[PDB]
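Next comes just one chain, in structure tokens: the form deposited in one PDB entry.
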């Protein structure tokens, strides 16, 4: 095949840096005939499915009840048709039965290097247990993809996303470290951090910046209040993940204008680290490329989980080709995208997402880069005695970043107990909701029976102008 350092389990040369003239970090893997890479991906899929069958009782159970065995994997058509999709709810149930990391972890406990996770659910939150070898594989894949964006060794890379449970910032960091770039992990989340960060960007003048697209808009506003020019931060490129925006003109163009630098979209899911497997390149700067030999992406018809033709829309379904810990095999994203397989300006022979990722097959939405499930807001409110049985969700972006508004009904008893009791229920609901979601929601009370009861109810209003036209087009096609 000629594919660079192509084996499972993967074990990249940590000293490899491509020649300075090279556009591609791995010229063969990135430009080889797609049909040839597809033969190699099938070969890999077979090893990964065999590996999961032997080390993941989660997959053995799932595949047995679907009537699938690794011996039945003969083509990519067998892969889409026979292998059932994994849902995030299955992953959550596996961990409830086999904590801390489910019976899909595969690796022994002694191999676990970092513990990360997610927020958003009531009950026990899901944990990520990333093996030592997978951390190196993620670092190596991200450095390759960041090289694709024009980021080079020695470049100062500002990671201005929270360093906590979430894989986003850790992935951009691990990528910067492997690239021999000067990683600058400023982080995020403490009120006051933005005013200090703009001083550090004016002083350090990094070549690259990573965060959420809306945070970069917020930071431009902060730099101006701080009497700083964001055009003088020395930025060559900004790359974002966590939410839609970097492939949306009314978002991307405002960032390119504020900073005078190119913006790159990247990012699938945290369960899919290396999450930059979907990422734009310096020449293919609009939307994202599907880096198929790192993670195998299939854009699927959600009714049958089969690949849609190119030029068509569907839901991304992902498979780890280079992970031994918690490998995801056909994980259903639930997102929507249009994929195409035309000639890319950068020369990479990868499928493309020309407008990035937008929209969902379910009722999930994002608030400041955080996934929000309305069923989870409903479960959190129903755990409260003072809850009056009904609520409404209003999403706005009146300033640079999202605001989540909850209009909650108090019980009649709480309302009768007076203004003090009412205010106590509101603050307790806000505390409970924030602990569950991982983000601050704004909570307001309405009259005890003022909201309509529709016994499934559609409680969410997405009032974000920047996504309105995109939400209407999902209703046209």
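Rigid core here is just the name for the largest C-alpha set that superposes within 1.5 Å across the two forms. Numbering follows the first chain given and starts at 1.
The form deposited in another entry is left out here; the points below concern that form.
For residue 135, state whether the C-alpha moves by 2 Å or more between this form and the one not shown after rigid core superposition. The answer is no, as the C-alpha of residue 135 shifts between this form and the one not shown by less than 2 Å after core alignment.
Using a superposition on the rigid core, decide whether the Cα position of residue 425 changes by 2 angstroms or more between this form and the one not shown. Yes.
Since the Cα separation of residue 190 and residue 428 moves by 3 Å or more in the other form, tell me which way: closer or farther than here. Relative to the displayed form, residue 190 and residue 428 move farther apart in the other form - a change of at least 3 Å between their C-alphas.
Cα-Cα trend for residue 135 and residue 438, given that in the other form the distance shifts by 3 Å or more: The answer is farther, because the C-alphas of residue 135 and residue 438 separate from each other in the other form by 3 Å or more.
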